[PDB]
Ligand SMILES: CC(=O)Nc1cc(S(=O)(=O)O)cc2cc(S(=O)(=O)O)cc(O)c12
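In the form solved without this ligand, a lone chain appears below as structure tokens.
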């Protein structure tokens, strides 16, 4: 089984063009570099668990998840959720090259795409709430199935 290991990096990034639910939770699969993004109203332990529930259905269950020391990732709640799934978890510093670099690069790529696509449709500022989901799904498609 010489193929690659199954480890992700996850963080939150603020995108006001997607308000009211302007917090994007972004996951990078470090082996393949596939990106899963979901949209959230607030950053909480539960918004992190919901996102990972989506990412699992999209990429399959990983062996480990690399995050920073954000409370939504260190809460007893989340720790329990991860243990319930059997996914090892490893923290880091906000910006720990070690295990936050890939996903920081990915936040930037994702925001760029969102802007380029939003402006092509004539949305200079905020994206109409009813357009946001299809537009976010198209930015994900682009960055993955490029």
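Positions refer to the first chain, counted from 1. Here, rigid core means the biggest group of C-alpha atoms that superpose within 1.5 Å across both forms. Only residues modelled in both forms are compared.
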The stretch carrying the higher mean Cα B factor in the deposited entry, 18 to 26 or 130 to 138, is 130 to 138
Avg C-alpha B-factor, entry values, 115 to 123 vs 88 to 96, higher side is 88 to 96
Max C-alpha B-factor within the set 46, 102, 109, 55 falls on 102
Chain-relative C-alpha B factor for residue 67 (record values, thirds): the middle
Residue 59: C-alpha B-factor third of its chain, per the entry, is the middle
The third of the chain into which the C-alpha temperature factor of residue 32 falls is the highest
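Keep in mind that the form deposited with this ligand bound is not shown, yet the notes after this line are about it.
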Assert contact residue (this ligand, in the deposited complex, non-hydrogen atom within 4.5 Å, options 82, 102, 59, 109) equals 102
### Triple contact flag 9, 30 and 66 to this ligand in the deposited complex, non-hydrogen atom at 4.5 angstroms
yes
Which of 74 to 82, 116 to 124, 94 to 102, 32 to 40 lies within 4.5 Å of this ligand in the deposited complex, heavy atoms considered? The stretch 94 to 102
Only one of 93, 101, 88, 53 shifts its Cα by 2 Å or more between this form and the one not shown once the rigid core is superposed, namely 93
With a difference of at least 3 Å, the CA distance of residue 6 and residue 93 in the deposited complex shows the atoms closer
Displaced runs between this form and the one not shown (core superposition; 3 or more consecutive residues; every C-alpha shifted by 2 Å or more) cover 91 to 99
